[PDB]
Amino acid sequence: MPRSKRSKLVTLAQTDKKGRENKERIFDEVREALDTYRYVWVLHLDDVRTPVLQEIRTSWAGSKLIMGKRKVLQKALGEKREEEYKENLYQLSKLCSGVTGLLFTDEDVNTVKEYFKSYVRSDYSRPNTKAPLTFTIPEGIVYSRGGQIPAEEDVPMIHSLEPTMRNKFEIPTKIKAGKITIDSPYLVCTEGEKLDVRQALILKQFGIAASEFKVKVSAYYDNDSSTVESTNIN
Amino acid sequence: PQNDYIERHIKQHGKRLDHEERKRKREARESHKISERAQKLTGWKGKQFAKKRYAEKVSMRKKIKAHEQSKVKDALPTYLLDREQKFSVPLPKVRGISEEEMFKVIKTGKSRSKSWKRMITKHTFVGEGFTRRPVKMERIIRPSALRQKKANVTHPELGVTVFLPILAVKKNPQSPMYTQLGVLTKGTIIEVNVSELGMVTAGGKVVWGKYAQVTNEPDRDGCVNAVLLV
Amino acid sequence: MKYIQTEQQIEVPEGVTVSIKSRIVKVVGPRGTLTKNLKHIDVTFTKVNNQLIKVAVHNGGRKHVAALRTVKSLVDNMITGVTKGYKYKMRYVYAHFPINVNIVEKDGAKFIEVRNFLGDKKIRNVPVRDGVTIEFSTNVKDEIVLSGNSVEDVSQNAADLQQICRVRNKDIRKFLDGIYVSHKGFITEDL
Amino acid sequence: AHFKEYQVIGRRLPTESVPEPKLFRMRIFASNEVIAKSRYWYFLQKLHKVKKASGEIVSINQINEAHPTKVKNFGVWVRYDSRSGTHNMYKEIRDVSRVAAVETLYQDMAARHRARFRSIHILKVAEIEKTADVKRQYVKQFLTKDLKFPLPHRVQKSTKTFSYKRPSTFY
RNA sequence: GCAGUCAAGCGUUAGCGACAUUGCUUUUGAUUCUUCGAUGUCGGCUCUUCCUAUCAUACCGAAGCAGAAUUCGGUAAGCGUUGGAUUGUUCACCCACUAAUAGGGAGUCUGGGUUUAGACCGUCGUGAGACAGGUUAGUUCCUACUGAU
RNA sequence: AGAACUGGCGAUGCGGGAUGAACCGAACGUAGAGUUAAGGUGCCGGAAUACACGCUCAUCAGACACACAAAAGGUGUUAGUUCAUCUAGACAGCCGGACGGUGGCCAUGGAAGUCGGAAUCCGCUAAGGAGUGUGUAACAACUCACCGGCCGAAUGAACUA
């Protein structure tokens, strides 16, 4: 297959791939941190906002946490008994179902669990989850916030996003003289309904982040006791 | 009339539904269309298409190289900065222009049997002292259209060409009778008024004339090129 | 490189059952019946399970291998149409002249009729292809709905209906009257 | 062609006071002993200059296939100069015997690269005994477990100029 | 073109060299009033035939194309491409009307002229003699197609 | 252009090259038998529509005094060289992150990264460009440079015939 193969759309940018060097650095960091701190915790961060993660890091900067590829992190912790860096460390790795998010610290379990339980932040719909609340787009002139606000002050939607609504959000709409308008109100969400990608994108565009994401933890590891307790918070 | 409003109308009707989709489909089909045309565009068109493609590829390569180099990271006075910038002749053993049709024969008289006339088909410089003699004496004829007074002059220094009057011709090889005739005959050495450059030899005696050799062939070109023998 | 064996797997739901002799393919399901001819393609079908069907090419080339991956796609599309059903929506918008659309019963063929397009007096007619039912998109301002079993027939009908409203010798940027496909989907909604 | 394997050796005829010089042995495939000897001298005059007058063939012996019944893969390295100059090339061929593999390689080279017998120089041929040695799909394709495939569009030559049965593919 | 410049590649592998690139290449829509020895017979009438490197009509396409109308790439030879004008040479330019009044080859009735007619003015020579010009006088059924027995 | 040198025509029949006064072969009386050089073995044209390895889709390919419009180009085909990605999950496909000082500094009614322009920092990490683009009066709105959630076994880049 010399010719007619798939072409490329490479674009010039001031950034390059880190390559295997970053993976090796993460491996070494995980290995060092395993013995650096008495307590090791696993945090699931499949979908988390960058500012929230930065704020969490700053709150307990001393309680440094190392993140990376799930498979790479599992290899660093040791998936098998003969590969574990520490005795019975594979139990923590096995319970790591989500994306870690390996936290190393010294404070007792009570402090960590209280911090996890007492913290919660708003988040997008994140489809495959129950609808946080019902929402229907009002008719007439539309607004950037979806109309669930004092629309008398809200700025009308920009014309540039009308094609996005037609194609991306898949919401039938028409174009009017000055502002985007719809002939009839179109429902997009309802209580207890499993949302879809289109609904999530629409909610994110309207800024209705009625959902609330919270840190998820599955277990932790004790350096001395060499035992893993399947602590869970919901 | 009615300045750029068309943008306003586009903003009030917003990118007709099929326009974006059609544009995207055309852009996707652009590669296939170019590949197909690489086989189409037959004689007198495929050559131009290939030349354009080669130029585009060279430009893309040079732009990629510049980006890659950038991603890695003759003193002049304060008033000249930020401003635009073994005695063998350069061309020995010139082509041996033979004594041939170049001395074109023009038939004279109503009955063309006593021409006796020869015409020089080579560029020649004479100057003010031409003074065409009576027609009966025109044994050799140098046409006016083929006479040039200013020849291009250059030197491997600053690459500046300036048209200068031709002063005279001193030595034309290959039967210098041509020298006596004043013909250019590329390979000749001619004097040129170099007063424009104003180069001054040792002793403060400003020079304004130097001998230069014709580089280009004025017979096959409408311009005369020479290089200063400095 | 002249692959000795190449094939693909086709999943047939229990709601339909196909029969493949020499390459004329009949499809029967809850949404009616469909047929297609594939003799020209020169491929071979093979049954490995009651719900799975395989198509294989022996000692073929890239030009012939590509045929397999499109025959599989066509079979999948036919199965979905006979089971899921294909629905097409085509909205039309007019600036000044109110466009009128009606399904005239002339000659039985039921040609799609359009009038008052940009004020043009000439009547434009487009035949309704077999296997696709034309219906109006009630509750949707100025929109028509097309659906059926054959994807190709519906797509060709929509293409003809949108091309018949072409604008000539006019700036497309300023001229907006026409027929544009809204979106592509299925009759079910929510199957 | 139906080449044969000949063991060609040289001696660099002994100069005075230097009896029994170094002996060099070469494995080469040729249709006859004369061609094998000529190729031996051609390679000798390239690896280390020794002319025909200054050398001679110690002996020539035909090498028969050790096991001309086991089907095996063969790794072959090929070098040729056409149209461009010298450049290395590697190929993998599955055949019963080394001579058959060499013949198939020569035919494939002639078909694809238009190379000639003199333009092709045999470098090394190594037998394969286990998987993971072959690195190309077109050879690995035949190593699949229980490989099966029919012959499509089978046709048979007709002895008679005309047939009344309207012969069809069999099937 | 000349002399460089960057240097995709080949290099004895110090030199070459594709594409770009700098200097010739009245900065205030000013007016150059410029149009410089074509030594040759061709020039113009009608009709037919062939090409597209096509002017209109036809086809569709890209445009600050909003229309009118305009700039241009491409398909297309189907049908059209008219009329006056100089000569103190018509190696060519003007403007009536149209949608346009496209470019060539295959030469084929008429007029300059390509040639000895006879003469003249001046050139050149002691002269016959011929011209750097020029004017006058001029004479050049065999085969194939269309109808019929 | 010019020199010495070799062969044929010159003075020449014969087979083939559609035909060529310079090509390939070839030691010219009259006949018979058998084997060849050159050309071939679908018909004119006497001889396999012979075997075997592959290529060739060509809008007038290809069978062309081999001579140059000939250098590249084809998301056309067949075969090979080098460098990296790799089950510390190969390429490609669906989803999220794409931060914080910051709305950098001078230009100034607007340049919040995408009308001007100098460097392009430090804090920060799995990763973030004082920005690649689409589009806005002004951000805003969306994509990748780069990373992760699923997949699921070889992949991407430059060259040669």
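We number each residue from 1, going along the chain as drawn.
Any Cβ shown, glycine's included, is placed from N, Cα and C.
Checking D:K37, D:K46, D:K124 against Swiss-Prot for the annotation ubiquitin cross-link singles out D:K124. The ubiquitin cross-link entry in Swiss-Prot, when matched to the candidates D:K52, D:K72, D:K148, corresponds to D:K148. Its own atom aside, the Cβ of D:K148 (ubiquitin cross-link) has 7 Cβ atoms within 10 angstroms in the protein chains shown.
Using CA atoms as reference points, the recorded sites D:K124, D:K130, D:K148 were checked against D:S31 (phosphoserine), and the closest is D:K124. Looking only at the recorded sites D:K124, D:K130, the densest Cβ neighbourhood within 10 Å occurs at D:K124. When secondary structure is read from DSSP and collapsed to three states, D:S31 (phosphoserine) falls in the coil class. You'll find the Cα of D:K148 (ubiquitin cross-link) roughly 21 Å from the Cα of D:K130 (ubiquitin cross-link). You'll find the Cα of D:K130 (ubiquitin cross-link) roughly 19 Å from the Cα of D:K124 (ubiquitin cross-link). Of all Cβ atoms in the shown protein chains, 12 besides its own fall within 10 Å of the Cβ of D:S31 (phosphoserine). In sequence order, the recorded positions from D:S31, D:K124, D:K130 that place a Cβ under 8 angstroms from a chain C Cβ amount to none.
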